[PDB]
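Participant: Just passing along the structure, written as structure tokens.
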Amino acid sequence: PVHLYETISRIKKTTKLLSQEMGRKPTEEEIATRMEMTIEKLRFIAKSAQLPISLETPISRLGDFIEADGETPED
DNA sequence: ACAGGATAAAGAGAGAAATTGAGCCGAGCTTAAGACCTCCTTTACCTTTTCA
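The number in the working numbering is simply the position in the first sequence, starting from 1, with 10 added.
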């Protein structure tokens with residue numbers, strides 16, 4: 011959602027501002043405090059911002075190394 | 001990008017319910033020994049047959 015894009019942009023801007031102010035890469039807790047949000051929310055945003063990798067990425071393709079969901083004939 | 005506005009769908013606050021497990025008990029249950037009554041076996045002695 012658009013609000014998520016705006017949240018990610020604000021997180022990037024805050025991180026750059028803290029890096030400029032403190033002269034070093036900010037930690038997760040520092041960013042979470044500055045954003046006034048829990049660290050778990052920040053990690054959730056970071057995980058949801060990822061781009062999906064295509065199944066045909068060379069490793070040979072990625073799609074030939076992923077098992078299938080089901081009950082093993084043995085089970 | 002950023003600000004405002006509308007809304008619904010998904011969290012926190014409390015008690016009351018419902019469970020829950022915990023101790024502390026004696027009621028239900030098992031174990032073992034001994035005695036003790038049916039059922040059966042086998043004997044000793046017969047009686048009771050069919051036959052030369």
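All C-beta atoms, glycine included, are put in the ideal place defined by N, C-alpha and C.
Please list the terminal residues of the continuous alpha helix (DSSP H) segment that includes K23.
Facilitator: Where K23 is concerned, the enclosing alpha helix (DSSP H) stretches over 12-32.
Participant: Of the residues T25, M45, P62, which one's Cα is nearest the Cα of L72?
Facilitator: Ranking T25, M45, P62 by Cα distance to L72 puts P62 first.
Participant: What's the C-alpha gap between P68 and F75?
Facilitator: Near 11 Å, if we compare the C-alpha coordinates of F75 and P68.
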